[PDB]
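**Q** What follows is a structure written as structure tokens; I'll ask about it next.
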Number of protein chains: 6
Amino acid sequence: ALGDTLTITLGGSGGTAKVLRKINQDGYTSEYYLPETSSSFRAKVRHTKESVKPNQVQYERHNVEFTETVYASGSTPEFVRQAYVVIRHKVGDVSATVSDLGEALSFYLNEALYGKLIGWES
Amino acid sequence: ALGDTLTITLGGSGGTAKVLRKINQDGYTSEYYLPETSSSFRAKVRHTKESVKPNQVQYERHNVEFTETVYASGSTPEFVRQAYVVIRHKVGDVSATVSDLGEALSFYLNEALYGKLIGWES
Amino acid sequence: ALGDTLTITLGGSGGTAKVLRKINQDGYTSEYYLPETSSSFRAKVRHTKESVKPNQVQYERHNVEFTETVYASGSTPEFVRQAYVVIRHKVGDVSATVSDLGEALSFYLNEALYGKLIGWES
Amino acid sequence: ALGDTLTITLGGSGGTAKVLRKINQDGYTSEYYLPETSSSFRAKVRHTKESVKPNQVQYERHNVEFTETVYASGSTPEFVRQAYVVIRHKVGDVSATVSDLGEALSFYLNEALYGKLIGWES
Amino acid sequence: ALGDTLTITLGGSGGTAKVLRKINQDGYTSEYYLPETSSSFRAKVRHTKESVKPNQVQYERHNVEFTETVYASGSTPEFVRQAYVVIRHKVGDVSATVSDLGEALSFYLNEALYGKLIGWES
Amino acid sequence: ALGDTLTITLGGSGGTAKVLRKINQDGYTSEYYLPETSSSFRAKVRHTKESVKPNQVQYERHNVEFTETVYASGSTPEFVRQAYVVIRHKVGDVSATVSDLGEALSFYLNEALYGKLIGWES
Ligand SMILES: [Ca+2]
Ligand SMILES: [Ca+2]
Ligand SMILES: [Ca+2]
Ligand SMILES: [Ca+2]
Ligand SMILES: [Ca+2]
Ligand SMILES: [Ca+2]
Ligand SMILES: [Ca+2]
Ligand SMILES: [Ca+2]
Ligand SMILES: [Ca+2]
């Protein structure tokens, strides 16, 4: 129950806000979508357990995903851009400590690191 | 390159800083390590390319993850925490748009979003 | 979106108004309902997209459905009345032109023409 | 027996009227067609029963569809635009109600609705 | 289409307020959730139609269910506490009468009566 | 040990009073009855142990139901109305918090909630 719209601000805090709408909601998941003249945006949210095992620990998994598709033009076919995050932690763990992670990762990644990553600079 | 030491600031800005070190670099990927008495920190950065197929678009993938492990104490067994992201785009795509999408995804996620997401809100 | 309530004005403009309520949402579909002592109202909205084929044009379908149900009384058994529309167009098409075609189809249909169509003359 | 020409006013009551001509009349069915420099129009009208089998109500069907095609230009291949309505009701039913329903549906659909469906809102 | 949040006031009117959130609603049902340090709240709403058997009346079930669970602390293991209501009526009945019966049931229940029932006096 | 007469006020507070009479009580169960010219009223109360599972918590249930019957009149056959609630919790628990949960459930249901719930809203 995050809201009726999801706002995507391309270029970080730069600007160019996009406001997606629910399209679907099933199985603790959500669909967001919005089309434009030359492309479209899609947002996805999921939650899930892992299969129970006799004596190993039980975990829960979360992820969020963004996707953009650009329609074919000229002789160039159709292609998409994607970007998503995942979090995995044990059942019953402390919320604040797991929240420290993920947030640390988000603070880590910024424009320069994204540029370096694009350059295969491991 | 990307640096010899990586800093993880648990809790985002103004938090506690942990510094890792290079250990290995094989198979287009590199990993970082830091040991401690009660737990440890590890990081990996990897790049990969999907196989060529006679007629479809060719894509590149970037993945970055954080892992934290807690050693068993008393009755409590081993357990772990992770959090990672992936970026996927076509080989010839302009880098700036991919960077902008990644910056948007980074900006969206923050403490309130992580709390709600742990709350199983979809 | 589309609102929580859906209004049917039986008999076109200036007629009798019925107000259905949403009661479900699954599989990219929505359903509306209303109880009556002698009948019942349904309303359904469905969306669909065809899968990808090697070299073909990809299409999507939009459907809107109205149904009337009358409970069996005396000798007369159960029977229903129904009326629905469908829209189909390609993934990257321009919305405005499809909308204009839909407006044309809606404007062509009217009371006298329905009375003619029930007359079996092609 | 609708007439020797069928008129389609693109954009609803706005303007841009097209005039098709009958091409055929076979088996309770009719066709209309009109060629142009870069596109064509076509309309069809059909009526049918259903297969009978023991102790059920017997039903009727009226179908009307609009079809629009655009010829290949440059790299972009051919594609079509379609929009059609179907009416179903029982033999011997009262005509005025079957028209009041159906004309209510015609009144419901307009610019805003078609925009919503193209937006995938349900 | 109840709403985006549910309010539970423990101890009847004038008590402590608790706010639940959407997590899911697929099969005409709904489910709510909220976590706490030592407990969690869950609320679920269901609709169902009883099995059809020829030449007999048709009925409808509506169910509303509250659950509260407390996490184990030492020797004491998990244990749970729920209270739920059910309403059954025939299809096509009058809403007002069923509502009045339910209101009478609700008005009969109160502080003293729950104390008596938990006192086991038949 | 409730008493000799149970009062049902159809329509909640300020409604029409109906006084029932005790008829029987054998197995920790009690029921009340009243006949009428066109209907009939009945109430019941039950208590029971849940089955004992080796090395798990032990639970007990309190149940109460209202039933309303309308005799066949001409074409219309027999039909009935009901409304009942159930309480479950473990042995040795504190009665007052359980009363509080029942109080919350009872306070939630009222005019509007019943009106919307009978409309199949979920
Ligand atoms: Ca930028
Ligand atoms: Ca924090
Ligand atoms: Ca190496
Ligand atoms: Ca009319
Ligand atoms: Ca227009
Ligand atoms: Ca002919
Ligand atoms: Ca109290
Ligand atoms: Ca759903
Ligand atoms: Ca009332």
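Just remember, in the structure tokens the first chain shown is A, the second B, etc., residues are 1-based per chain, and ligands are 1-based in the order shown.
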Please write out the residues within 8 Å of ligand 6 as an MDAnalysis selection string, counting only C-alpha atoms and all ligand atoms.

**A** chainID D and resid 24:27

**Q** Can I get the residues close to ligand 7 as a PyMOL selection string, where close means within 7 Å and we count only C-alpha atoms and all ligand atoms?

**A** (chain E and resi 11+111) or (chain F and resi 96+99-100)

**Q** Let me see the file: selected residues, N, CA, C and O atoms, as a PDB file, in the first residue's frame.

**A**
ATOM      1  N   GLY E  11     -10.044  -2.870  23.037  1.00  0.00           N
ATOM      2  CA  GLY E  11     -10.851  -2.466  24.170  1.00  0.00           C
ATOM      3  C   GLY E  11     -12.057  -1.633  23.808  1.00  0.00           C
ATOM      4  O   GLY E  11     -12.480  -0.786  24.601  1.00  0.00           O
ATOM      5  N   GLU E 111     -18.914  -5.583  27.030  1.00  0.00           N
ATOM      6  CA  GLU E 111     -18.002  -5.867  28.132  1.00  0.00           C
ATOM      7  C   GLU E 111     -18.476  -7.013  29.018  1.00  0.00           C
ATOM      8  O   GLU E 111     -17.842  -8.078  29.095  1.00  0.00           O
TER       9      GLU E 111
ATOM     10  N   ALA F  96      -9.170 -10.242  30.314  1.00  0.00           N
ATOM     11  CA  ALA F  96      -9.551  -8.863  30.013  1.00  0.00           C
ATOM     12  C   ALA F  96      -9.059  -8.395  28.638  1.00  0.00           C
ATOM     13  O   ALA F  96      -9.786  -7.705  27.916  1.00  0.00           O
ATOM     14  N   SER F  99     -11.346  -9.939  26.202  1.00  0.00           N
ATOM     15  CA  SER F  99     -12.545  -9.114  26.158  1.00  0.00           C
ATOM     16  C   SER F  99     -12.302  -7.877  25.312  1.00  0.00           C
ATOM     17  O   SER F  99     -13.187  -7.438  24.577  1.00  0.00           O
ATOM     18  N   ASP F 100     -11.098  -7.312  25.395  1.00  0.00           N
ATOM     19  CA  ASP F 100     -10.783  -6.102  24.642  1.00  0.00           C
ATOM     20  C   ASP F 100     -10.804  -6.363  23.139  1.00  0.00           C
ATOM     21  O   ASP F 100     -11.303  -5.541  22.360  1.00  0.00           O
TER      22      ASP F 100
END

**Q** Write out, as CSV, each residue of chain D that has an atom at most 12 Å from ligand 5, together with the closest pair of atoms and their distance in Å to one decimal, counting only C-alpha atoms and all ligand atoms, rows going by chain and rising number.

**A**
residue,atom,partner,partner_atom_place_in_ligand_line,distance
D:9,CA,ligand 5,1 (Ca),11.3
D:10,CA,ligand 5,1 (Ca),8.7
D:11,CA,ligand 5,1 (Ca),5.0
D:12,CA,ligand 5,1 (Ca),6.8
D:13,CA,ligand 5,1 (Ca),8.9
D:14,CA,ligand 5,1 (Ca),7.4
D:15,CA,ligand 5,1 (Ca),10.0
D:16,CA,ligand 5,1 (Ca),11.5
D:110,CA,ligand 5,1 (Ca),8.8
D:111,CA,ligand 5,1 (Ca),6.2
D:112,CA,ligand 5,1 (Ca),9.4
D:113,CA,ligand 5,1 (Ca),11.5
D:114,CA,ligand 5,1 (Ca),9.9
D:115,CA,ligand 5,1 (Ca),10.0

**Q** Could you list, with a cut-off of 12 Å and counting only C-alpha atoms and all ligand atoms, the residues of chain E near ligand 9, each shown with its nearest atom pair and the distance in Å rounded to one decimal, rows sorted by chain and ascending number, as JSON lines?

**A**
{"residue": "E:95", "atom": "CA", "partner": "ligand 9", "partner_atom_place_in_ligand_line": "1 (Ca)", "distance": 10.3}
{"residue": "E:96", "atom": "CA", "partner": "ligand 9", "partner_atom_place_in_ligand_line": "1 (Ca)", "distance": 6.9}
{"residue": "E:97", "atom": "CA", "partner": "ligand 9", "partner_atom_place_in_ligand_line": "1 (Ca)", "distance": 8.2}
{"residue": "E:98", "atom": "CA", "partner": "ligand 9", "partner_atom_place_in_ligand_line": "1 (Ca)", "distance": 9.6}
{"residue": "E:99", "atom": "CA", "partner": "ligand 9", "partner_atom_place_in_ligand_line": "1 (Ca)", "distance": 6.7}
{"residue": "E:100", "atom": "CA", "partner": "ligand 9", "partner_atom_place_in_ligand_line": "1 (Ca)", "distance": 5.2}
{"residue": "E:101", "atom": "CA", "partner": "ligand 9", "partner_atom_place_in_ligand_line": "1 (Ca)", "distance": 8.9}
{"residue": "E:102", "atom": "CA", "partner": "ligand 9", "partner_atom_place_in_ligand_line": "1 (Ca)", "distance": 9.4}
{"residue": "E:103", "atom": "CA", "partner": "ligand 9", "partner_atom_place_in_ligand_line": "1 (Ca)", "distance": 7.2}
{"residue": "E:104", "atom": "CA", "partner": "ligand 9", "partner_atom_place_in_ligand_line": "1 (Ca)", "distance": 9.2}
{"residue": "E:106", "atom": "CA", "partner": "ligand 9", "partner_atom_place_in_ligand_line": "1 (Ca)", "distance": 11.9}
{"residue": "E:107", "atom": "CA", "partner": "ligand 9", "partner_atom_place_in_ligand_line": "1 (Ca)", "distance": 11.6}

**Q** Save out the residues we just selected, N, CA and C atoms, as an mmCIF file, in the first residue's frame.

**A**
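Full text of again_21.cif as output:
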data_model
loop_
_atom_site.group_PDB
_atom_site.id
_atom_site.type_symbol
_atom_site.label_atom_id
_atom_site.label_comp_id
_atom_site.auth_asym_id
_atom_site.auth_seq_id
_atom_site.Cartn_x
_atom_site.Cartn_y
_atom_site.Cartn_z
ATOM 1 N N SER E 95 -31.486 -6.437 1.873
ATOM 2 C CA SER E 95 -30.283 -6.125 2.637
ATOM 3 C C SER E 95 -30.618 -5.622 4.036
ATOM 4 N N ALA E 96 -31.670 -4.809 4.158
ATOM 5 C CA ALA E 96 -31.940 -4.134 5.422
ATOM 6 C C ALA E 96 -32.207 -5.127 6.549
ATOM 7 N N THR E 97 -32.947 -6.201 6.268
ATOM 8 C CA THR E 97 -33.269 -7.164 7.316
ATOM 9 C C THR E 97 -32.013 -7.864 7.831
ATOM 10 N N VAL E 98 -31.148 -8.308 6.917
ATOM 11 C CA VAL E 98 -29.911 -8.964 7.335
ATOM 12 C C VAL E 98 -29.051 -7.990 8.126
ATOM 13 N N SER E 99 -29.014 -6.733 7.688
ATOM 14 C CA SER E 99 -28.248 -5.732 8.415
ATOM 15 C C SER E 99 -28.787 -5.551 9.826
ATOM 16 N N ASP E 100 -30.111 -5.514 9.981
ATOM 17 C CA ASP E 100 -30.694 -5.342 11.308
ATOM 18 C C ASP E 100 -30.384 -6.529 12.210
ATOM 19 N N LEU E 101 -30.441 -7.746 11.667
ATOM 20 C CA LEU E 101 -30.083 -8.919 12.460
ATOM 21 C C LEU E 101 -28.633 -8.825 12.930
ATOM 22 N N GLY E 102 -27.730 -8.443 12.023
ATOM 23 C CA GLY E 102 -26.335 -8.301 12.405
ATOM 24 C C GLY E 102 -26.126 -7.214 13.443
ATOM 25 N N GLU E 103 -26.849 -6.104 13.305
ATOM 26 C CA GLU E 103 -26.740 -5.018 14.272
ATOM 27 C C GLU E 103 -27.228 -5.453 15.647
ATOM 28 N N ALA E 104 -28.308 -6.235 15.694
ATOM 29 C CA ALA E 104 -28.760 -6.789 16.965
ATOM 30 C C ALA E 104 -27.687 -7.672 17.594
ATOM 31 N N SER E 106 -24.465 -7.477 17.143
ATOM 32 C CA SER E 106 -23.374 -6.618 17.594
ATOM 33 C C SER E 106 -23.735 -5.886 18.881
ATOM 34 N N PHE E 107 -24.972 -5.399 18.977
ATOM 35 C CA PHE E 107 -25.405 -4.659 20.157
ATOM 36 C C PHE E 107 -25.503 -5.554 21.387
#

**Q** Select, as a PDB file with C-alpha atoms, in the first residue's frame, those residues of chain F with any atom no more than 10 Å from chain C (distances computed using only C-alpha atoms).

**A**
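File produced: out.pdb:
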ATOM      1  CA  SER F  75     -44.737 -20.238  -3.902  1.00  0.00           C
ATOM      2  CA  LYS F 116     -20.997  -2.369   2.417  1.00  0.00           C
ATOM      3  CA  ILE F 118     -23.489  -7.315   2.099  1.00  0.00           C
ATOM      4  CA  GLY F 119     -22.580  -5.659  -1.213  1.00  0.00           C
ATOM      5  CA  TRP F 120     -19.743  -8.175  -1.739  1.00  0.00           C
ATOM      6  CA  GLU F 121     -17.117  -5.467  -1.224  1.00  0.00           C
ATOM      7  CA  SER F 122     -13.730  -6.937  -0.328  1.00  0.00           C
TER       8      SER F 122
END

**Q** Among chain E, which residues does DSSP mark as alpha helix (DSSP H) when it is run on the backbone? Keep the chain and numbering as in the structure and answer as a list in words.

**A** residues 95, 96, 97, 98, 99, 100, 101, 102, 103, 104, 105, 106, 107, 108, 111, 112, 113, 114, 115, 116, 117 and 118 of chain E

**Q** Would you save the residues from that selection as a short mmCIF file (atom, residue, chain, number, x, y, z; two decimals), in the first residue's frame, using N, CA and C atoms?

**A**
data_model
loop_
_atom_site.label_atom_id
_atom_site.label_comp_id
_atom_site.auth_asym_id
_atom_site.auth_seq_id
_atom_site.Cartn_x
_atom_site.Cartn_y
_atom_site.Cartn_z
N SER E 95 -31.49 -6.44 1.87
CA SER E 95 -30.28 -6.12 2.64
C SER E 95 -30.62 -5.62 4.04
N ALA E 96 -31.67 -4.81 4.16
CA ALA E 96 -31.94 -4.13 5.42
C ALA E 96 -32.21 -5.13 6.55
N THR E 97 -32.95 -6.20 6.27
CA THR E 97 -33.27 -7.16 7.32
C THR E 97 -32.01 -7.86 7.83
N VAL E 98 -31.15 -8.31 6.92
CA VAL E 98 -29.91 -8.96 7.34
C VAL E 98 -29.05 -7.99 8.13
N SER E 99 -29.01 -6.73 7.69
CA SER E 99 -28.25 -5.73 8.41
C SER E 99 -28.79 -5.55 9.83
N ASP E 100 -30.11 -5.51 9.98
CA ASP E 100 -30.69 -5.34 11.31
C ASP E 100 -30.38 -6.53 12.21
N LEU E 101 -30.44 -7.75 11.67
CA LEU E 101 -30.08 -8.92 12.46
C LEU E 101 -28.63 -8.83 12.93
N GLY E 102 -27.73 -8.44 12.02
CA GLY E 102 -26.34 -8.30 12.40
C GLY E 102 -26.13 -7.21 13.44
N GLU E 103 -26.85 -6.10 13.31
CA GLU E 103 -26.74 -5.02 14.27
C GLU E 103 -27.23 -5.45 15.65
N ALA E 104 -28.31 -6.24 15.69
CA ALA E 104 -28.76 -6.79 16.96
C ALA E 104 -27.69 -7.67 17.59
N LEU E 105 -27.07 -8.55 16.79
CA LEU E 105 -25.99 -9.38 17.32
C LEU E 105 -24.86 -8.52 17.88
N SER E 106 -24.46 -7.48 17.14
CA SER E 106 -23.37 -6.62 17.59
C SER E 106 -23.74 -5.89 18.88
N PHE E 107 -24.97 -5.40 18.98
CA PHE E 107 -25.41 -4.66 20.16
C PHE E 107 -25.50 -5.55 21.39
N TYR E 108 -25.86 -6.83 21.20
CA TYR E 108 -25.94 -7.74 22.33
C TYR E 108 -24.57 -7.95 22.98
N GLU E 111 -18.91 -5.58 27.03
CA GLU E 111 -18.00 -5.87 28.13
C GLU E 111 -18.48 -7.01 29.02
N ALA E 112 -19.61 -6.80 29.70
CA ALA E 112 -20.09 -7.79 30.65
C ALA E 112 -20.31 -9.13 29.98
N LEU E 113 -20.86 -9.13 28.76
CA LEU E 113 -21.19 -10.39 28.12
C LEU E 113 -19.93 -11.16 27.72
N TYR E 114 -18.90 -10.48 27.21
CA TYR E 114 -17.65 -11.20 26.96
C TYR E 114 -17.06 -11.74 28.26
N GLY E 115 -17.12 -10.96 29.34
CA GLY E 115 -16.66 -11.49 30.62
C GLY E 115 -17.41 -12.75 31.01
N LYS E 116 -18.73 -12.75 30.83
CA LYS E 116 -19.52 -13.92 31.17
C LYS E 116 -19.17 -15.11 30.30
N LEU E 117 -19.06 -14.90 28.99
CA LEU E 117 -18.75 -16.00 28.08
C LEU E 117 -17.39 -16.60 28.40
N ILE E 118 -16.40 -15.75 28.69
CA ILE E 118 -15.09 -16.27 29.04
C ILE E 118 -15.13 -16.89 30.43
#
